[PDB]
Amino acid sequence: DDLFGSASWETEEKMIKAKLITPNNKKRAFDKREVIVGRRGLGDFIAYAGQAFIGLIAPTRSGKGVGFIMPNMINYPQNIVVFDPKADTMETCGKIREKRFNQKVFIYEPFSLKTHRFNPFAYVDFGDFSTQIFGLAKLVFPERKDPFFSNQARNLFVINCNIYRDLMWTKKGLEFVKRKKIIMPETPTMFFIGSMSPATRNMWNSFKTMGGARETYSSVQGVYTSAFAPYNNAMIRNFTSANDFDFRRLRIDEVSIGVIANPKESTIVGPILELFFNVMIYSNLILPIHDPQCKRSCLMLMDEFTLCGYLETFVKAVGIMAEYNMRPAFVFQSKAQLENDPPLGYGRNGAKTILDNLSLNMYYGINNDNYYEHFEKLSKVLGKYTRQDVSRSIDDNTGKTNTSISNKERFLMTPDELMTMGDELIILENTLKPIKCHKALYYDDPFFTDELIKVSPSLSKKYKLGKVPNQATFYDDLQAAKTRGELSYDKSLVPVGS
Amino acid sequence: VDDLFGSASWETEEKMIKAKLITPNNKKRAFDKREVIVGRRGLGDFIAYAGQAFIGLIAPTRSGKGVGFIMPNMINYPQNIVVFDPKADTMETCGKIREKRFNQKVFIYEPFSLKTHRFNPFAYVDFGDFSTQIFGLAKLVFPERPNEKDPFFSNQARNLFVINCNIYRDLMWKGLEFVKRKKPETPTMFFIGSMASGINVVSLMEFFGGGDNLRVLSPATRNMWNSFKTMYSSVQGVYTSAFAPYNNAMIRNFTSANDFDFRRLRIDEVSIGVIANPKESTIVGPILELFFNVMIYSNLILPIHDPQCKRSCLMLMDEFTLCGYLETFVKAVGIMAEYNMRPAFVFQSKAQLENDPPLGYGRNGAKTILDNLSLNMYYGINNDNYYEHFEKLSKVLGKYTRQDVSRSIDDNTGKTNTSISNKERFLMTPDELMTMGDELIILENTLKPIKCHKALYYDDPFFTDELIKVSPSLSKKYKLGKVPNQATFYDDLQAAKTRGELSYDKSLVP
Amino acid sequence: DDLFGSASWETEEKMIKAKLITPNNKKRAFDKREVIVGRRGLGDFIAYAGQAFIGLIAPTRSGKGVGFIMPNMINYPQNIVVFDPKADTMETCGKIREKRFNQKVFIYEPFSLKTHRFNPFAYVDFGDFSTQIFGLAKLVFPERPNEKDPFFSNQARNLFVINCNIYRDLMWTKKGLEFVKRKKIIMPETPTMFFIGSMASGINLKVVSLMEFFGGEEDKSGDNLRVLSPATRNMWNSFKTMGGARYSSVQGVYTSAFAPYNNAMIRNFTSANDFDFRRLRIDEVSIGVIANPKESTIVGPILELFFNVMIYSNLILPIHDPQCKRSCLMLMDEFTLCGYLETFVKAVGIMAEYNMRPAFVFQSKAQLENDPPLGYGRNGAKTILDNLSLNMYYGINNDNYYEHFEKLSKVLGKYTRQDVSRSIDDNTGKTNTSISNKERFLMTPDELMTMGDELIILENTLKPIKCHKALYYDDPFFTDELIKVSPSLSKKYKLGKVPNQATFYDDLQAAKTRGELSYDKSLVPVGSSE
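X-ray crystallography is the method the PDB entry lists for this structure, together with a resolution of 2.8000 Å.

With the PDB entry as reference, chain C is termed Cag pathogenicity island protein (Cag5), source organism Helicobacter pylori 26695. Under its PDB header, the title given for this structure is "Mechanism of regulation of the Helicobacter pylori Cagbeta ATPase by CagZ". Under the UniProt heading Sequence similarities (unreviewed entry), the note attached to chain C is "Belongs to the VirD4/TraG family." Taken from UniProt, the Subcellular location (unreviewed entry) comment for chain C reads in full: "Cell membrane".

As annotated in the PDB entry, chain B carries the name Cag pathogenicity island protein (Cag5) and comes from Helicobacter pylori 26695. On record in UniProt, under Sequence similarities (unreviewed entry), the comment for chain B is "Belongs to the VirD4/TraG family."

Okay, here's the thing in structure tokens:
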């Protein structure tokens, strides 16, 4: 009966048809670039294939790292770009990325000398020219009681880059600079642009265009400098000092990219991460049919996504990124933090645009009164099924009994039941009925601890491969081995600046 | 038939027949009312919207908007179509169908490719209507500024465009006397982008004009410049920034000439595909704005005023939110219906439509567009972010009366008792709508809710028959009239698209 | 029993007592200026008498024209002021208004040269004056809730009034005419808004500034200041102490307040005043306003004046003047399209006893509650809605309107129904029947959304009414008047019979394109810019 609802968990057959599991799931090949989202037991995983996007609504300290980030870091066989704010994911899985999958590891730490460098001017064709320049200016000066001037500063950056362009990629400009009057580089950086032929005739007309420098140079220059100020920092200047990896090969070479950043601790790094992700996403709108070399997939483990702030590039790109095998999995504390106003959010409709492009959503549960509303909604989303309710009557004189059966409604999962799942989680796929499963714990499964023990001598002496490690001492020995860099990526290839 | 708990019910067959969505013999329906397929009740048993009202399809991702709505009407619609094809699959799959089935000329506008087509907004002027055209394009190129650094510049740049167009009509018409002064006549965008430096760079207040050319150029042709000399560098900068996208060879080739007369969009049997991804290339925004402006406004004449414009044209606005800010549709959907310009908008959610005007249409613009959709299709997906959307939909379907049975046993003996009662039940609960799968809900403004199946094209031989009889690679493997094998039809169709044998006439496009 | 509710539909009794219907309703005389709002059958109408105001909450494409506007356009025997943004209502009922009611038809299309003109300065007695001038100034220069810098708008309004006093003391004085003739001052007779705005640059001779012509370097002898009145001179001194020191920002906002009048169409529409709005309740006239403020914000303020002067020119009791016995039904069709018109918010509560009877037609209560830019604000929307005593509600099956109908469902209330349950011994076959009482919505939300061509009428002093739309195209009560007017409709369709429903609307559009159902356009003045 369905009078009081028809809610139900998804069947094993439909999950097989959706390719989430296989008939012999414990012996599955993992040959469809699948992302592990849950487990039915040790080595019996639920994994998402295809190109659809994953959302993980994980409260603070709910186990997103040990149940999603670390398992896929250890298992996923294609390219990975992971957000690593605590500098622990890469420190734990880099040796696996390099030894098991044979992938070069690039670490982008803008607030440290030891980092790989990214320069956006390495992605322009100095010699659709000015399109990249205008997009870069839009990134440098964001669109927003004080209009104009900022647009004049964007024009200042426009003909700034145009001036440096004319200064090098011209045959006479080479001699003009060979007069030894300026010290411009061979390839420009953002700091250098900030410190600074009929198209150049129009550029001179722009040098006398709206008169932005006539009795109004002070304010325009002040806004320009307030925008270019992040590059007065030595760490940021070193981060933009060069470009070590070409993002146009993110789907060609076998690479793993970690980003160690924190814009909440310092609002300065915001625009640099914005530029970084914009160039990374916009360097791969080439279909594998048009470029047969771009065959690999790039899983983007956007851990601590809401900590990144407003990245409008994602809002504009999520709806078209899927077919290019740029597959992000967003992990945010809660939806409420996502919809917030631009400064620390994406707006209501922008967050809705991002969330509409997620086809698999994992829901962890914690018993916190601050997450009630959310979980309540989740309860209502799972719907109700029909249940039998038994009542009894007894004649107090004779003692005979009467049993009555009626139908009632029951939530598939009540709010407090959702809040007290512990290590269980709910999976909602767009085309499937709700699923309940266990977190793919990495430290509990030999499926991942074997890979962790393989590449480390200490764990190899302590624990045997294939056996579940002694839970009372495994994590501590893993930490002790991480202190000596046994699990970390080889840090000798990470460049160091002055 | 009890309405004690509401009277919610699906629309009856009789009322659907009266609404021309189906016929008394729907399997043998002739499709003679220019109907748009919006779902099926079975193999070849389709529900089809007649009339002139507009369709809206709220189809999320991984929902089958193309395979359930775009592809079937592409195979089936007998009149003219204008499809938005950003992924290059719809046209590359149905072009040979539009060509061979309905004898229609396929015209593909892919600005970012050599094999493209050409659109010149200048071929739409009365070479009393030339001044009207000048004012029209001046309004279409200079929009109203609610908050600018100054509205005076906006109005003055509109007036500068108008006066420059008047002077250009003056010089290009005794137009041959000045031709013999120096060493094309059909204007293009970035050659009009040079219409601010000079004849080639003469001064913007001298040259051979105003001197004393108030009478050399017919009254107002050189008179407005005498009055607008107060009420050049920044003006040239703004004009060059406006015309700069034309400097790209792609857009340059797009606006180099014109191979189609949009005033004949309802005359000749044609099919217009548009390949564009403004989310990737953000520069095509204003360009597509002018494109659709001239495509729609050049068709705003009633068929009673010109019966030669007899054909209808369905605008399959697939990925409508992708187009960006197309204020044409915001200002036009309220009057287009009576002109046989019939759009069907396809979008992922209401929120994506309500996005801010730069990347969406705004709340008020989204409401203005949604208010002109009389038939609304609802595909279901099990996504928490859509709960509020489907719950309301559930509430819109209503409640009906159902029977509730309670049994009671006398344990000492075993004799039983059955008791029935009436209870309320939502016609469809929110979580039931969320898990419809291949089903969908149609809401027509003047009808009761309709539930049906998605009109899939690979499922039904109603469409695979055409796709097979058209391409030679599929005719050998599969036969007509029979539903082909589901395990190998899609891959064979992919492979047929690889060879282009199921595409269209690529040789024609410039 | 009323334990679970007592909601019910109004009986034929109370409707008769409310004068909404009569005993011989089919043969009703229509002698109490009634507005048709519904029907219980072909030619069996529900019609509102009295002076109360009507509201029609009709979603888009829900039949407000065919069910309300066009029926009363055909039937209403008194004066009609209709809003016709699509120019279709007039095009369909003009010759009915003219031939059946002998009413002169005026057309106000501020974007077609074929239009009648309106000039607010024609409603001012120059040679009382201060009150009307200040009212017109507050109309052109309205208050702002921003309050961050209202002094500039105040001084711009002071400049407007001052310019008006200067014009009055120059063109309606005795020595001012001699002064203008001696110094060759370009100044027209009856003033227009365009000229009052152009006076910001200065007095036309070229043109020199006001600060120069009066008390400046151009007025060396000081004679040009003496020609003005002492009150105007004191106001000019006060303004020179106000804006004239440290004016540059006042002239900008002043010239911006007259920017719509740099347009040629608005210039022609303002140049004259064809119809006297003080005659709206004496002569038999029918006025059609063809504008669209959403298509162009320029006509926004113009309409604001146009309607305002129309209302306040008709605030006279019939005991003051016995010529004002004619009522004026104001078919405010597509009301929110007119944007924010303060005159309606301020005047809905006072224009009822003047026989200015508006019927507001809007798509939803939420769109009317929109903020001043595109609506009236919550408080203003409530103010307008509080003065509507008969509200018609159309239904459509559209989720965007669900919250509107749920509430309406709740407004209709619940009633008590009987519910039967059955039991049965599964062995002996003996059964049991039980009856209880339950509650039932008079109309569930989905029932209202699927009402089709039925509607709900809520009158302030009655119980809910459910009736059928007063469709004109299927009722000989209206098609008789529409076929009596067109020769070919008379050649095809017979009077007193329901026309062929498959072809009547199409043949009607055909006859309309030939202008047979339209007003005589020969009497509409035509201008030209030169």
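### Some words on the overall build of chain C
Across its full length, chain C carries 21 helices and 15 strands. Dimensions of chain C along its principal axes, counting C-alpha atoms only, are 120 × 60 × 40 Å.

### Description of the overall build of chain B
A tally of regular secondary structure across chain B gives 18 helices and 13 strands. With the C-alpha coordinates aligned to their principal axes, the bounding extent of chain B is approximately 120 × 55 × 40 Å.

### Let's talk about the pattern of salt bridges
Among the salt bridges present, the one from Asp44 of chain C reaches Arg40 of chain C, with a minimum N-O distance of 3.6 Å. The shortest N-O distance in the salt bridge between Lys64 of chain C and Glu334 of chain C comes to 3.8 Å. If you follow the salt bridges from partner to partner, you end up with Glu323 of chain A together with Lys65, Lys87, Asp318 and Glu319 of chain B in one network.

### What to know about the packing of helix α5 (residues 151–171) of chain C against helix α11 (residues 248–257) of chain C
Residues and elements named next belong to chain C. Close contact between α5 and α11 brings their axes to 9 Å; oriented N to C, the two are set at 70°. Put simply, α5 runs roughly perpendicular to α11. Every pair of crossing elements has a handedness; the one defined by α5 and α11 is right-handed. Contacts between α5 and α11 involve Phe152, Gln155, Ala156, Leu159, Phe160 and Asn163 on the former and, on the latter, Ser249, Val250, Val253 and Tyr254. Grouping the constituent residues of the contact of α5 with α11 by class yields seven nonpolar, three polar and no charged.

### Some remarks on the interface of chain B and chain C
With 42 residues of chain B at the contact, the number on the chain C side is 32 residues. Counting residues per element, the ones that place at least two in the side of chain B that touches chain C are α13 (363–370), β9 (373–379), α14 (387–397), β10 (399–410), β11 (416–426) and β12 (439–444) of chain B. Of the residues forming the side of chain B that touches chain C, the biggest block, seven residues, is contributed by β11 of chain B. The pairing of β11 of chain B with strand β12 (residues 414–425) of chain C spans four bridges and is antiparallel. Residue pairing across strands places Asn417 of chain B opposite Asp425 of chain C, the latter belonging to β12 of chain C.

### A few points about the interface of chain B and chain A
Listed by partner, the interface residues are 44 residues for chain B and 56 residues for chain A. Those elements that provide at least two residues to the side of chain B that touches chain A are α8 (233–243), α12 (350–353), α14, β10, β11 and α15 (430–434) of chain B. Looking at the side of chain B that touches chain A residue by residue, the classes come out as nine nonpolar, 17 polar and 18 charged.

### Notes on unusual backbone geometry
The phi dihedral of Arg33 of chain A is positive, around 55°, even though this residue is not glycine. With respect to the secondary-structure elements, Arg33 of chain A resides in the loop between α1 (12–17) and β1 (35–41). Here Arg62 of chain B, not a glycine, exhibits a phi torsion of approximately 55°, which is positive.

### Let's talk about the pairing of strand β15 (residues 465–468) of chain C
Within a regular beta strand, the side chains point alternately toward one face of the sheet and then the other, so they alternate between its two faces. Residue and element names in this part refer to chain C. Taken together, the four bridges between strand β14 (residues 454–459) and β15 define a ladder with antiparallel strand orientation. Its bridge partner being in β15, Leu455 is matched across the sheet by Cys467. Where β14 folds back onto β15 in an antiparallel hairpin, the turn is made up of five residues.

### Thoughts on the sheet that holds strand β11 (residues 401–411) of chain A
Read from one edge to the other, the open sheet built from six strands follows the order β10(A)-β11(A)-β10(B)-β11(B)-β12(C)-β13(C), with strand pairing classed as antiparallel. Here the strands that pair on one side only, and so sit at the sheet edges, are β10 (384–394) of chain A together with β13 (431–441) of chain C. In this sheet, neighbouring strand axes are inclined to one another by 25° on average, regardless of whether the strands run parallel or antiparallel.

### Some words on the environment of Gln348 of chain B
Mapped onto the elements of the fold, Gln348 of chain B is located in the loop between β8 (341–347) and α12. It is 8.0 Å that separates the C-alpha atoms of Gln348 of chain B and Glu319 of chain B, two residues lying 29 residues apart in sequence. Excluding its chain neighbours within four sequence positions, the residues that come into contact with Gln348 of chain B are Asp356 and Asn357 of chain A together with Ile58, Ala59, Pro60 and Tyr386 of chain B.

### Re the arrangement of the chains
In this assembly two pairs of chains touch, with chains A and B having more contacts than any other pair. For chain A and chain C, which are not in contact, the least C-alpha distance works out to 12 Å.

### Remarks on the packing of aromatic side chains
Centroid distance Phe305 of chain A to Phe314 of chain A: 5.5 Å. Interplanar angle 80°. Geometry classified as edge-to-face. Where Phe335 of chain C meets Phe360 of chain C, the ring centres are 4.7 Å apart and the plane angle is 70°; that geometry is what we call edge-to-face. In this pair, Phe335 of chain C sits in the loop between β9 (328–332) and α14 (342–347) while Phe360 of chain C sits in strand β10 (residues 356–362), placing the two residues 25 residues apart along the sequence. When the ring centre of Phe30 of chain A is taken as reference, the NZ or CZ atom of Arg28 of chain A above it lies at 5.0 Å. The ring of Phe426 of chain B has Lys399 of chain B sitting right over it, with the charged end atom 4.8 Å from the ring centre.

Each value, and the rule that gives it
- Counting starts from 1 on each chain and follows the sequence as written, independent of the entry's numbering; residues without coordinates are not shown.
- Whichever chain is written first is A, and whichever ligand is written first is 1; the rest continue in order.
- Only some chains of a larger assembly appear here, and every value describes just that portion.
- The basis for every side-chain value is the complete set of heavy atoms in the structure, and neither hydrogens nor water enter the calculation.
- Residues with missing side-chain atoms are left out of burial classes, side-chain pairs and their counts.
- UniProt positions are given in the numbering used here, feature names are shortened, and annotations may be inferred rather than shown by experiment.
- Numbering goes from the N terminus for both helices and strands, where a helix is a DSSP run of H or I of at least four residues and a strand is a run of E of at least two.
- Salt bridges are defined as contacts in which a side-chain nitrogen from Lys or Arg sits within 4 Å of a carboxyl oxygen from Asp or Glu.
- Interaxial angle, 0 to 180 degrees, is taken between N-to-C directions of lines fitted to C-alpha atoms, where a helix line uses only the stretch in contact.
- In this scheme, roughly parallel covers angles under 35 degrees and roughly antiparallel covers those over 145, while 65 to 115 is roughly perpendicular and the rest are oblique.
- Here a crossing is called left-handed whenever its near helix is offset anticlockwise from the far helix by less than a right angle, and right-handed whenever the offset is clockwise.
- Note on contacts: a residue pair is in contact if any heavy atoms of the two residues lie within 4.5 Å.
- When residue character is reported, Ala, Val, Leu, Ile, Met, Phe, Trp, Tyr, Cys and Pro are called nonpolar, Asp, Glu, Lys and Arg charged, and the others, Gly included, polar.
- One requirement defines pairing of two strands: DSSP has to find at least two bridges between them.
- Pairing of aromatic rings covers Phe, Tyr and the six-membered ring of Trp, with a centre-to-centre limit of 6.5 Å; geometry is then stacked below 30 degrees between planes, edge-to-face above 60, and tilted otherwise.
- A ring has a charge above it when a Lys NZ or an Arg CZ is no more than 6 Å from the ring centre and no more than 35 degrees off the ring normal.

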